[PDB]
Amino acid sequence: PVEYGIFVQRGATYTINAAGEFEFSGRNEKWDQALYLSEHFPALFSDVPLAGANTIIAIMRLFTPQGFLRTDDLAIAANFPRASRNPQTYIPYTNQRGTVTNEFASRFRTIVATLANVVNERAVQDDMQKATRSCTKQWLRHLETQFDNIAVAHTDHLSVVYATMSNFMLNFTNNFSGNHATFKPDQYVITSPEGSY
Amino acid sequence: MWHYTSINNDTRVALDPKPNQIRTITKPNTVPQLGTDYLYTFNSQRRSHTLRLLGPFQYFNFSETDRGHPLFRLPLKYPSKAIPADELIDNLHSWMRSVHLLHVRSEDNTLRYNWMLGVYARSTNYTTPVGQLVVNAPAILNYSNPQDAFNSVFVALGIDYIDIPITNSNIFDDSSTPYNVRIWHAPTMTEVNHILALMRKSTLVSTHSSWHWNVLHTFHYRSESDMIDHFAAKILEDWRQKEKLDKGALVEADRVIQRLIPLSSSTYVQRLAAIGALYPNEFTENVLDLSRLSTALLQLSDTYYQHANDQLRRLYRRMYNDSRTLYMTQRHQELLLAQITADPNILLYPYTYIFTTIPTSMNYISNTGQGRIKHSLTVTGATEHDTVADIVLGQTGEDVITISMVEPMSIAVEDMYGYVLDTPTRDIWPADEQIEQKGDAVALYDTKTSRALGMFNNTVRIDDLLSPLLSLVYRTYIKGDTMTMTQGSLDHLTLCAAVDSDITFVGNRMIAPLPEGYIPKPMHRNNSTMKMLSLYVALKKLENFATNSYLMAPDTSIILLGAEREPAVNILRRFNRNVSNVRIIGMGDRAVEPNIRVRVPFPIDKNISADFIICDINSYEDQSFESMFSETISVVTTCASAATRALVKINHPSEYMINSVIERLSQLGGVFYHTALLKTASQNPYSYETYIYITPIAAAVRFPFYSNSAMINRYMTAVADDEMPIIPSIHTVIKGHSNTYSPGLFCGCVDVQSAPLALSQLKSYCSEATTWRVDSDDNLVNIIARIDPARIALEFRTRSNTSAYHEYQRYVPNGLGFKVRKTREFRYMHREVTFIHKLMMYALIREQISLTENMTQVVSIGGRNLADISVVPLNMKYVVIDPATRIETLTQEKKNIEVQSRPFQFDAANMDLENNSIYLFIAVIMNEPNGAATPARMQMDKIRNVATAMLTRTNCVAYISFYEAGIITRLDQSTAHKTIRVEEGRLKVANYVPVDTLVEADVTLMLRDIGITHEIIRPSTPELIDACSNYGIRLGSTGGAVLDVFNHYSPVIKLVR
Amino acid sequence: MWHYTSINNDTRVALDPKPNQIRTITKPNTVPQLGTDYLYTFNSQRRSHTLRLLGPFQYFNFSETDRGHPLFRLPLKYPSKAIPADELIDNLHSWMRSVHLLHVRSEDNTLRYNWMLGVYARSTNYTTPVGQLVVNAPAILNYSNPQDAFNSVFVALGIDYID
Amino acid sequence: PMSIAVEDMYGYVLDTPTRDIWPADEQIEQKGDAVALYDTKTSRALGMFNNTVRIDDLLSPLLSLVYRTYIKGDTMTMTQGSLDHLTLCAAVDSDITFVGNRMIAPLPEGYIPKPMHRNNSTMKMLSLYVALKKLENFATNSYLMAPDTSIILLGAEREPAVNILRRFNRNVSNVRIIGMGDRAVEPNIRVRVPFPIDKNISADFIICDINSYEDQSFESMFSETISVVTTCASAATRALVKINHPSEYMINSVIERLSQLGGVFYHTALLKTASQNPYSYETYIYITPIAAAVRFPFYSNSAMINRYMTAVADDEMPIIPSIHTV
Amino acid sequence: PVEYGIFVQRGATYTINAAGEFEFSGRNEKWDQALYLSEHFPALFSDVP
Amino acid sequence: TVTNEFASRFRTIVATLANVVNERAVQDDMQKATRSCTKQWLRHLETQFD
């Protein structure tokens, strides 16, 4: 209650100034999908320190992506039709061909916890039997480890696929720059002196 | 001087540690001393604890793992206050000592380390090939040729470029990275030529003129705008070092031209870098506020090209397009050459364009500090104004600027209890005199003194006027800061008057610390208390002068006579709390216990006496004189007999009623009395109320009675019939050079880009306008001006109109103050009593100069900065004979005036004879031309001379003003060494070197023997209110109390022909 | 003396901030110094800790949401003694910096802000028509003629009076 | 970095005038010699030196140190008039306090003042002020602007120079402090070199550090400043004027001028102040209305003048310190 | 809101003066056809700046 | 838009109260089995009356 009040209090969606600072709006307006393309990022992801309600913001850091963004390279020299000054795509996650654990599975591990820690406060909050705080925390715990194994080859092997798919022939345009809180696609429209574009 | 002389550096290239000891770098043993191991703070930005990694660590990277370790959790723990020095250092050190840069130490005495690249291989866990390179092959990183360093990396894994993401300072900000530097594997100069040639593709990249490790690398901006945070920071840094080069001073810089090439910019960056090359500045010296630093810079170009210059307006529209080029400047160019010469391997930037000293300019002053800029508008510039429309300042929306009634006192507490004794001088008060005085006095009462003056005492209540200073004394004590008094100390009395609770002590000085968690309620004064409290100081002091023990003797008491008494009485006991038996009492109607509540005509049988009594009652008696005069004559009678020394506020007094009191005590006790007129420092600046001081001297006096009296004239004149007061206005619509304007300030909001012009046309009225911007996003300046009835007399004279204009054209973008926080402006400035005084001498003279048939020029003999100006119609010539006036002859004639900076002061060789002329002799016969002190005997001879001189001419009037003697004895007794004091028979009239004076009588007797018609004229209250009212000026405590005497004593002589 | 001589004011009419900077008003950065940013006390009335909002904030309104934020819980915590100077300022400042008056900054050097009306549109969550007016149409609030200010509001949503 | 005892940091020198008469024969040669130097710009080598060696950084860490300890409660003994007191003060932003002297009111709880921001002109101006109060009667250690006497600061880009003086002179009755000069921000009037007519100012001791560069190329630049000192001169009893050049010609011309705008000459001196860009041949003339003639004025050699008198220039470039490693 | 503030106020219906100058009424009454045949014109269409 | 002020009010009403029910319950030492089942019930209409 308190956190979602100081915070939604400060705009529910921001847009960006000219000097690129973030200008949040005032109302706590809802947020439709048809409003997706147009200076108005959803506000939760702004990822901008907000004095008051901080637990809400911290829980928020969990969402940021992992993978880096490779610049197609191959599709470009091949000559493939890209059209975006400089093509490139963003890969979900680096292929950690090194040793021990990951960085991706290892990340999810701390994500499950920070969150789990959060589930704990809410639960002890609504005085609940330890029988279920545990059974469920136990469940939350199974995929920390459980997604440790899947992410092994998922990230190595599943990733290289994107590694190439990022550059198929027609499969142009840049989908995501990698920075949630500030990436608006390139708006391409067919202009026409005649009718309405 | 000429050729710039530098010592290039390549800092980073030489900040990468030697390999063989690239281990102790993490400092494994010792703990990082804040001094040179990191910079750090916590800002009043509520939170903002920045941690700067000073050292070889500046440029680093972290990780996903590095980013776990506390220290990145250690910030979000003390949101409230600065991290605990301990928990910080101790902690940090843990991580510091963790980073273990993979490497292979050697023995060669030339290797280094590249570091950066490495640091980065570590960043990610050695997966990104370059990184997967170092791991098994670690030796790859050592290196000797600053560039081969890298070319090795590339050559092996074969690639065009490696991207080095680039973090940001302040380890506490995981909030992305503006951009990133790309390292281009381009060896030979020719190769790069072409790398960046094709680089006119890809959205936003930009590069620096030269290069670290001398390996062409470029920046890539994650956003169009983030691109601007960088340039701005950097272009600005350029003028920072460039000022130095112009100056000629070894500048060990990473590279001559600091600016950076918008390769693919996009208009905003286009016009930003556009400015960059032009170095439009003047060596600031100040410090510009970062963050808004960009908008500040981006804004300036908009206005630069905007006021542009036609010629250079193009020279700039040029670089606006051809921007991938670089614009050095002959000097620069010449330098870069020394560089290429040294070793033809320095692969610095290809396309460029020498300038040719740049087509002149405007040193566009600036800074984004926090003061607001006080400007002092010049009379005549050189932008011969045609006309230009009347400007409209907006509405000052209080919470930015509020306007208030009377610039709060602000004075040292100790000088606050100072009065003056106008001593009686009039051997006899004959019936002939009584006949005239009673009528004059009754007449004033019949009408009620000047509406203008009375309005003034009430608005200017010595309460509020002198409150915040007093409020301040109390404000600190409540929090334990006033630890030194001395009981008898004036300072002790004041803190006390100010605080309700009981003040205490110990071995003096130390004031018993405020008892635990409790707080006294700041005292409640009446606006009569400071005055009465002050009168009491005057009395104890009047007891024997020389003494600083203001604690009512041992068992002696006093009674307070002021209607509506206490805290006046109450503060006295708390103050006199410890001293044996001191009895304090307070009468007056409406007075609440502990205070008897009598009524004016003291009830018979009620006998009271008490060493010193103070009577402040009397106030208004419907009687309409005869009787009102009598009711009070009566008040002083009891107040008088019953007590040894006491103060009675006689209000009026006229030279009649106050004098009548003297005759009465004269007979109700043979051997007269000794009385004085105590004008007390604190007491509604104006208010011509005077307290007679009465005591039974034991040596006659052979004088009593009064004639002029500095105190009496204050209320003697002020005749009234003023024809209404001049309410200070606040018009906000600046007309172009047109007299019309009524006294009052210009508080207005003009939009910028216009400020230059508004301010420029504005100089014609006031003569010092303050201004500010609140933020860099407020496209409106704020101007505050207060029309100054002297500047107008001067600007308007013989029409015309040329202002400094373009010169103020320079501030426009930024140099215009910048405060952000409610200002207070008072509809009434404050002013050193001395200044108010000659200002006053002028109101008598101007009116006169406006009353004499034909009168051709005003010969102001010894002006100085031409004060006399506002004392001459906008018609006559004004001619100053002043040695140090130094005015350009042309400006002198533009505002039609003349200068004879030729000191003389002797007849026979003094061409005064120019009849139909007025000679204004203010000051002059004071201090020699050499800013000295004309000895009194000699000071007399000057008047003797102008006299023989005025004697053989005609239709000329000489105004000579001198200082009669009475001020000295009066001053020695009075104790208000504000701005007079009396150093060994003289008087440091503010900033002036003491000045021995002369006898009013000897002055009169000499010219009298000679025959020149004369009048010793001294200003009056009518003129005082007039001098002050159209001027926004107020009087301010000390002044009033002492200005009466000074004005009166400082007479004037009209030697009229 | 005789004829009274005054200088009328219309304080409120001239206490409403200029629009282009009706943002820094909430003082987003700096923290409210007791001197001129609020008046405050605790009285020997056993309890009675009064907090006076000195400044352009005097006339305000709050809400159901504004009325949640501690500071309205911060009084009922030190029933015994004066709120801890620290926990007070520090705190207050949080809320202060929260109120975000909807508006549309301009450049005209004469606009103002009406404020009061607005402050109130914010009070309730922009539901009461006058309030449902400003939201999408924010420029409505700036104004130059002290009276036209309002007459604009009415003219559009057509009503005899706003409360 | 400097490294010196703070107390010896405010020390100057008076090169006293000695030249019974300044004959026209001399004027013929001096004006040309002086104009010639201005025509060219003194030695490239020397000028490069004053700028690199800024009496700012040079003398900073010592000053930084004074501030560094106070922030942590270690400076518990001053004396108001103390030079030492003035320095800690110039160094710290917040308001310095006291009690029974010595003991400086302990830093208020968990708060910290921001170390002062100097211009590299402040130590010099601050120092000139010390020179003035001291010049008042020499023998004395009370550097607190008398009782109700004031001074005005004339240096473009003023404050903290002026600001430090009030914090320092904070308690002393009425002391009024002012600062003009272009680019100066309130509390500082912002006039411009050729003082705007009608604007009358005076204040016991004035310090003028403005003047700096006047495109005029002499004749006039000489005159613009001769003019600056004229007002600065009449209007005040004792004041410092940074005369920059000065040559045995222009500095001397100032002497002849005050000579007639007031019969009984004047008493002037050349104050080379301790703190002030080691080199920089800038000298402040000290001017006061003595009451005993002088029968000397005018200069010939002067320790101060030769500093800028020679340095003829035509140096043929500077010798940049290298660092060869072979 | 802002624009139909000054517009309805300029006058919500007007008439043509002996010399065309549109006489703009200051009221803003509705517009029943009942005065289609009178001398009033709906104001919107005044097509005057 | 979003939530209410009315449902949002009931939400804090259920809590302040619930918090109150909590003290009374821990007061009369009761099994956590029911403190919860019932608090759970109290909770259903916070959201349920939303």
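Each chain gets a letter, A, B, C, D, E and F, in the order it is written, and its residues are counted from 1.
One rule holds for everything that comes next: a contact is a pair of C-beta atoms (placed from the backbone, for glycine too) under 8 Å apart; a residue touches a chain by one contact, two chains touch by 3 or more.
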item	value
Chain pair with the higher count of C-beta pairs in contact (C-E, B-C)	B-C
Chain whose Cα mean lies nearest the overall Cα mean	B
Distance between the centres, which are taken as Cα means, of chain F and chain C, whole angstrom	35
Mean-CA-position distance for chain F and chain D (Å)	75
Centre-of-Cα separation between chain E and chain B, whole angstrom	57
Euclidean distance of C-alpha centroids - chain A vs chain B, Å	54
Touching two or more other chains - residues of chain E	none
Contacts with two or more other chains, residues of chain B listed in rising order	46
Each pair of chains that touches, named by its two labels	A-B, A-C, A-F, B-C, B-D, C-E, C-F
Contacting residues of chain B [partner chain A, same complex]	46-47, 64-65, 68, 76, 79, 124-128, 132, 174-176, 201-203, 222-223, 225-226, 228-229, 292, 294-295, 298
Touch list for chain C against partner chain F, complex	64-65, 68, 125
Residues of chain A that touch chain B when the two form their complex	16, 18-20, 47-49, 51, 54, 58, 61, 68, 85-86, 94-98, 103, 106-107, 110, 177, 179, 182
Of chain C, residues touching chain A in the complex	65, 68-69, 94, 97-98, 100-102, 126, 135
For the chain D and chain B complex, residues of the former touching the latter	41-44, 47-48, 50-52, 97, 99-100, 105, 110, 117, 119-121, 147-150, 157, 159, 172-174, 180, 182-192, 194, 196-204, 227, 230-231, 233-237, 260-266, 289, 291, 313, 317-318, 320
